[PDB]
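File shown: final18.pdb. Contents: PDB, C-alpha atoms.
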ATOM      1  CA  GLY Y  13       0.000   0.000   0.000
ATOM      2  CA  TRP Y  14       2.976   2.301   0.784
ATOM      3  CA  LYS Y  15       3.937   4.614  -2.073
ATOM      4  CA  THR Y  16       7.408   6.208  -2.033
ATOM      5  CA  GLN Y  17       7.514  10.008  -2.130
ATOM      6  CA  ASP Y  18      10.269  12.617  -2.554
ATOM      7  CA  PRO Y  19      11.889  13.173   0.905
ATOM      8  CA  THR Y  20      13.126  16.665  -0.143
ATOM      9  CA  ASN Y  21       9.454  17.940  -0.196
ATOM     10  CA  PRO Y  22       9.266  20.507   2.628
ATOM     11  CA  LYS Y  23       5.624  19.447   3.459
ATOM     12  CA  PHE Y  24       7.080  16.037   4.501
ATOM     13  CA  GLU Y  25      10.026  17.609   6.403
ATOM     14  CA  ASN Y  26       7.489  19.664   8.409
ATOM     15  CA  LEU Y  27       5.512  16.467   9.317
ATOM     16  CA  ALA Y  28       8.775  14.999  10.708
ATOM     17  CA  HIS Y  29       9.209  18.094  12.889
ATOM     18  CA  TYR Y  30       5.586  17.619  14.008
ATOM     19  CA  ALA Y  31       6.384  14.005  14.984
ATOM     20  CA  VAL Y  32       9.506  14.942  17.064
ATOM     21  CA  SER Y  33       7.489  17.702  18.808
ATOM     22  CA  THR Y  34       5.176  14.972  20.305
ATOM     23  CA  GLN Y  35       8.039  12.994  21.992
ATOM     24  CA  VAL Y  36       8.673  14.157  25.581
ATOM     25  CA  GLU Y  37       8.772  11.027  27.831
ATOM     26  CA  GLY Y  38      12.113  10.451  29.527
ATOM     27  CA  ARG Y  39      13.735  13.587  28.070
ATOM     28  CA  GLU Y  40      14.921  17.010  29.294
ATOM     29  CA  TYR Y  41      15.286  18.389  25.760
ATOM     30  CA  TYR Y  42      13.179  18.043  22.617
ATOM     31  CA  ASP Y  43      14.874  16.089  19.861
ATOM     32  CA  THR Y  44      15.027  17.758  16.470
ATOM     33  CA  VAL Y  45      15.218  16.410  12.892
ATOM     34  CA  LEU Y  46      18.597  16.343  11.104
ATOM     35  CA  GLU Y  47      17.569  14.642   7.846
ATOM     36  CA  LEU Y  48      14.385  13.152   6.368
ATOM     37  CA  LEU Y  49      15.589   9.919   4.776
ATOM     38  CA  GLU Y  50      12.400   8.306   3.466
ATOM     39  CA  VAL Y  51       8.693   9.148   3.041
ATOM     40  CA  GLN Y  52       5.975   6.680   2.105
ATOM     41  CA  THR Y  53       2.211   7.319   1.943
ATOM     42  CA  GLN Y  54      -1.044   5.386   2.008
ATOM     43  CA  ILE Y  55      -4.710   6.459   1.905
ATOM     44  CA  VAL Y  56      -6.744   4.676   4.608
ATOM     45  CA  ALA Y  57      -9.630   6.695   6.063
ATOM     46  CA  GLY Y  58      -7.213   9.641   6.026
ATOM     47  CA  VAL Y  59      -3.809  10.256   4.433
ATOM     48  CA  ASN Y  60      -1.026   8.433   6.261
ATOM     49  CA  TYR Y  61       2.703   9.242   6.173
ATOM     50  CA  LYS Y  62       5.475   6.814   7.178
ATOM     51  CA  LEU Y  63       8.603   8.935   7.827
ATOM     52  CA  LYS Y  64      12.164   7.776   8.448
ATOM     53  CA  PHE Y  65      14.502  10.465   9.737
ATOM     54  CA  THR Y  66      17.579  11.069  11.863
ATOM     55  CA  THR Y  67      17.337  13.049  15.132
ATOM     56  CA  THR Y  68      19.673  14.642  17.703
ATOM     57  CA  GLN Y  69      19.143  16.492  20.996
ATOM     58  CA  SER Y  70      17.844  20.071  20.460
ATOM     59  CA  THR Y  71      18.610  23.086  22.672
ATOM     60  CA  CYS Y  72      14.901  23.434  23.687
ATOM     61  CA  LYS Y  73      14.156  22.312  27.303
ATOM     62  CA  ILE Y  74      10.647  20.762  27.304
ATOM     63  CA  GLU Y  75       9.732  21.950  30.850
ATOM     64  CA  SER Y  76      10.482  25.644  29.994
ATOM     65  CA  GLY Y  77       6.938  25.901  28.565
ATOM     66  CA  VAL Y  78       8.602  26.513  25.108
ATOM     67  CA  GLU Y  79       6.544  25.690  21.969
ATOM     68  CA  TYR Y  80       8.647  23.334  19.721
ATOM     69  CA  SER Y  81       9.679  24.821  16.348
ATOM     70  CA  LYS Y  82      12.415  23.873  13.818
ATOM     71  CA  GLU Y  83      13.760  27.457  13.977
ATOM     72  CA  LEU Y  84      14.068  27.650  17.794
ATOM     73  CA  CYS Y  85      14.886  24.014  18.626
ATOM     74  CA  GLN Y  86      18.209  23.791  16.775
ATOM     75  CA  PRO Y  87      20.509  20.784  17.195
ATOM     76  CA  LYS Y  88      22.977  21.007  20.145
ATOM     77  CA  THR Y  89      25.477  19.246  17.767
ATOM     78  CA  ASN Y  90      25.200  17.966  14.152
ATOM     79  CA  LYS Y  91      25.755  14.344  15.386
ATOM     80  CA  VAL Y  92      23.128  11.671  14.512
ATOM     81  CA  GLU Y  93      21.872  10.258  17.851
ATOM     82  CA  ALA Y  94      18.868   8.235  16.640
ATOM     83  CA  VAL Y  95      17.175   6.990  13.479
ATOM     84  CA  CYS Y  96      13.413   7.079  13.870
ATOM     85  CA  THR Y  97      10.358   5.834  12.011
ATOM     86  CA  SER Y  98       7.010   7.561  12.682
ATOM     87  CA  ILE Y  99       3.562   7.056  11.152
ATOM     88  CA  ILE Y 100       1.304  10.138  11.080
ATOM     89  CA  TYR Y 101      -2.442   9.904  10.392
ATOM     90  CA  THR Y 102      -3.977  13.021   8.812
ATOM     91  CA  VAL Y 103      -7.442  14.181   7.768
ATOM     92  CA  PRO Y 104      -6.530  17.109   5.482
ATOM     93  CA  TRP Y 105     -10.115  18.408   5.105
ATOM     94  CA  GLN Y 106     -10.332  18.613   8.961
ATOM     95  CA  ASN Y 107      -6.719  19.881   9.495
ATOM     96  CA  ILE Y 108      -6.181  16.790  11.835
ATOM     97  CA  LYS Y 109      -2.693  15.274  12.377
ATOM     98  CA  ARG Y 110      -1.984  12.470  14.891
ATOM     99  CA  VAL Y 111       1.197  10.511  15.529
ATOM    100  CA  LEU Y 112       0.247   6.805  15.534
ATOM    101  CA  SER Y 113       3.756   5.426  16.154
ATOM    102  CA  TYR Y 114       7.307   6.687  16.880
ATOM    103  CA  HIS Y 115      10.237   4.326  17.337
ATOM    104  CA  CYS Y 116      13.996   4.777  17.102
ATOM    105  CA  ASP Y 117      17.255   2.877  17.032
ATOM    106  CA  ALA Y 118      20.756   4.155  17.654
ATOM    107  CA  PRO Y 119      22.787   4.895  14.289
ATOM    108  CA  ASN Y 120      24.906   1.759  13.558
ATOM    109  CA  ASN Y 121      27.482   3.750  11.562
ATOM    110  CA  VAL Y 122      28.859   6.411  13.977
TER
END
Will you turn the file into structure tokens for me?
Amino acid sequence: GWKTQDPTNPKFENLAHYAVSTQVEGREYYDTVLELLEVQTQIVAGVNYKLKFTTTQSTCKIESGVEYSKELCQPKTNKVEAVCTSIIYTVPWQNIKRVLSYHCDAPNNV
């Protein structure tokens, strides 16, 4: 069902930033996205995006009450710290976006 899409499309990069913004458990800092590696899509009820991207610790402390954004939450260092896959469910005609899954592994080539 999954159709490959162009991972340089900024619409897909912004969905990856949305996904990282939802991940707070066990952290002091938000992660942020370094690179979107892969995007696949499927239409089931809504429009679903399966994103694979690298992350690293951002400079944004979660408990400061800061809103996550790509601009503010820059990487502390340019080092890959995780490779993550996240599925996002959307209903474009209702402006709904929901992270269904988010899982990461450590980079095996650092």
With only C-alpha atoms as the atoms that count, which of Y:104, Y:119, Y:18, Y:25 lies nearest to residue 68 in chain Y?
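Going through Y:104, Y:119, Y:18, Y:25 one by one, the smallest distance to residue 68 in chain Y is for Y:119.
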When you look at residue 90 in chain Y with a cut-off of 10 Å (counting all atoms listed in the file), what residues show up, excluding the ones that are within fewer than 3 positions of it in the same chain? I need them as a list in words.
residues 46, 67, 68, 69, 70, 86, 87 and 93 of chain Y
Once the PyMOL selection byres ((chain Y and resi 30-44) around 8) has been evaluated on this model, what residues remain selected, and can you format them as a ChimeraX atom specification?
/Y:26-29,45-46,67-75,80-82,85-87,98,100,111,114
Rounded to one decimal, what separation in Å do you get between CA of residue 65 in chain Y and CA of residue 21 in chain Y?
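If I compute the distance from CA of residue 65 in chain Y to CA of residue 21 in chain Y, I get 13.4 Å.
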Expanded to explicit residues, what is the PyMOL selection byres ((chain Y and resi 15) around 6) for this file, as a ChimeraX atom specification?
/Y:14,16,52-53
Determine the residue membership of the PyMOL selection byres ((chain Y and resi 58) around 6) for the file above and supply it as JSON, numbers by chain.
{"Y": [55, 56, 57, 59, 102, 103]}
What would the file look like if the residues just selected were written as a short mmCIF file (atom, residue, chain, number, x, y, z; two decimals), in the frame of the given file with C-alpha atoms?
data_model
loop_
_atom_site.label_atom_id
_atom_site.label_comp_id
_atom_site.auth_asym_id
_atom_site.auth_seq_id
_atom_site.Cartn_x
_atom_site.Cartn_y
_atom_site.Cartn_z
CA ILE Y 55 -4.71 6.46 1.90
CA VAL Y 56 -6.74 4.68 4.61
CA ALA Y 57 -9.63 6.70 6.06
CA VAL Y 59 -3.81 10.26 4.43
CA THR Y 102 -3.98 13.02 8.81
CA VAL Y 103 -7.44 14.18 7.77
#
Centre and edges of the range 76-91 of chain Y box, axis-aligned, 4 Å extra per side, as JSON:
{"center_x": 16.1, "center_y": 21.0, "center_z": 21.9, "size_x": 27.2, "size_y": 21.3, "size_z": 24.2}
Exercise: residue 120 in chain Y partners within 12 Å, all atoms listed in the file, chain neighbours under 3 positions left out, as a ChimeraX atom specification:
/Y:66,92-95,116-117
Up to 6 Å from (-3.6, 9.6, 15.0) in the file's coordinates: name the residues, counting only C-alpha atoms, as an MDAnalysis selection string.
chainID Y and resid 101 110:112
At what distance in Å, to one decimal, does CA of residue 115 in chain Y lie from CA of residue 50 in chain Y?
14.6 Å
Best match for closeness to residue 118 in chain Y among Y:78, Y:106, Y:91, Y:99, counting only C-alpha atoms:
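The closest residue to residue 118 in chain Y is Y:91.
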